[PDB]
Amino acid sequence: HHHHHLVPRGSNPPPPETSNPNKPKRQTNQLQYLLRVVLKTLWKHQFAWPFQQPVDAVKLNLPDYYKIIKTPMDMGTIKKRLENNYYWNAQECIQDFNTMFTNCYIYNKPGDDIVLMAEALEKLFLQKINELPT
Ligand SMILES: COc1ccc(Br)cc1S(=O)(=O)Nc1ccc2c(c1)OC(C)(C)C(=O)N2
């Protein structure tokens, strides 16, 4: 009768790894471009801020976020992965960006502010990707 299910509480999941000693890794000119050009251009953009860290669903009062998004990804994670030389090739890093944008389009509705932000960042992303060293 007197248990009202006020605990236990929700939480954020553990964030994506940014280190893994047994993962194969390389430094490539494409991955260096991804850090110096692609990530740094997106990072400084005035629409970057919702994407600069793992989604804090507790702070943002988004209790459904990690019910819907099971492969979370953010630019904070990507930045740390690039700084730690985590990737084997450019494809792995690009796929992380694609995951981040796709999550946003899954979770939100066309025309939401967050979606307008993601769309503009995707546009910049694809512009810089078309100049990837070959
Ligand atoms: C009402 O909260 C808003 C409204 C517009 C904008 Br832009 C940002 C916010 S919020 O940062 O306070 N909350 C928020 C609300 C929803 C989203 C979100 C943030 O960003 C992630 C990437 C989690 C997302 O996909 N959707």
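Along the chain as shown, residues are numbered 1 onward.
Cβ atoms are placed via backbone N, Cα and C, with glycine included.
Residue counts of the expression tag (1-11) by helix, strand and coil are 0 helix, 0 strand, 11 coil (DSSP-based). The expression tag annotation in the PDB entry covers 1-11.
Feature annotation from Swiss-Prot assigns domain 'Bromo 1' to 26-132.
Among the features that Swiss-Prot reports, SUMO2 cross-link is placed at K67. DSSP classifies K67 (SUMO2 cross-link) as helix under the three-state reduction.
Sequence annotations record features per position, and here Swiss-Prot assigns site 'Acetylated histone binding' to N108. Packing around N108 (site 'Acetylated histone binding') is summarised by its Cβ count: 15 other Cβ atoms lie within 10 angstroms of its Cβ, all protein chains included.
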Euclidean distance between Cα atoms of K67 (SUMO2 cross-link) and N108 (site 'Acetylated histone binding'), Å: 13
